[PDB]
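>>> Just dropping in an experimental structure and the matching sequence.
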Amino acid sequence: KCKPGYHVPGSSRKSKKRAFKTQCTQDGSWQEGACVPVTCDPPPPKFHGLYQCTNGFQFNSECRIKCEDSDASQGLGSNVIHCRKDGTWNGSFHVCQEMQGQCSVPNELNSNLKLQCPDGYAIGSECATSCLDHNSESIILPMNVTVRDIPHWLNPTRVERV
């Protein structure tokens with residue numbers, strides 16, 4: 001049985017299996033078993049690069065978003081979120097007052113990579129990442145792998161927006 005705040009890796013999120021079994025294998029060993037510390041979902045992407053988490057998004061993970069000149073006597077939002085047993089954060093990150101403005105036009109762009117911005121170039125605005133070739137996908141490759149240097153087993157992450 002997994003400890004409280006722990007579940008078998010790969011368990012369903014709706015019912016995180018806290019109990020598993022091991023068996024005397026034919027080679028004289030036992031079946032492998034583990035209980036990961038659970039992992040709540042990451043905070044919303046709009047706060048990327050702004051919150052620091054104690055141990056990632058695990059159970060009872062304390063993620064604090066950095067804000068300035070936001071007094072606690074006003075009682076607006078919460079800057080700290082803690083992951084719970086069920087797989088949820090006890091609090092929610094709130095947008096502070098010191099986040100406003102527009103964004104620069106993406107002049108630096110690849111020949112195939114186009115950015116369509118019906119929402120202008122505001123801060124927090126979503127710009128769709130499209131390609132001139134209809135069968136081309138806008139992705140980020142790891143810094144150690146270039147466009148030609150993609151291994152057959154590598155699966156680059158898809159970037160549908162910026």
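Thanks, I have it. Numbers count the residues shown, from 1 in each chain.

>>> Only C-alpha atoms from now on, for both contacts and neighbour counts.
OK.

>>> And the strands in the protein, which stretches?
Assigned strands in the chain, in chain order: 51-53, 62-65, 80-82, 113-116, 128-131, 139-140, 157-158 (criterion: DSSP state E).

>>> In terms of secondary structure, what does the second one contact?
Packing contacts for strand 62-65, counted by 3 or more C-alpha pairs under 8 Å, 6 or more residues apart in numbering; DSSP states H and E, involve strand 51-53, strand 80-82.

>>> Quick check: which of the ones you listed is nearest to residue 17?
Smallest distance to residue 17 across those (C-alpha to C-alpha): 21.2 Å, for strand 80-82.

>>> how about TSV for the helices and strands packed on strand 62-65, with mean neighbour count and distance to residue 30 added?
Below are these laid out as TSV (neighbours: other C-alpha atoms under 10 Å; distance: least, C-alpha to C-alpha, whole Å):
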stretch	mean neighbour count	distance to residue 30
strand 51-53	16	36
strand 80-82	20	36
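
>>> Please name whichever of these is nearest to residue 124.
When those are compared for distance to residue 124 using C-alpha to C-alpha, the nearest one is strand 51-53, at 16.2 Å.

>>> Quick one: list the elements packing against the closest one.
In this structure, strand 51-53 makes packing contacts with strand 62-65, judged by 3+ C-alpha pairs under 8 Å, 6+ apart.

>>> what residues does the strand it packs on touch?
Counting by C-alpha atoms under 8 Å, 6 or more residues apart in numbering, strand 62-65 makes contact with 47, 50-57, 79-83, 93, all of which sit outside it.
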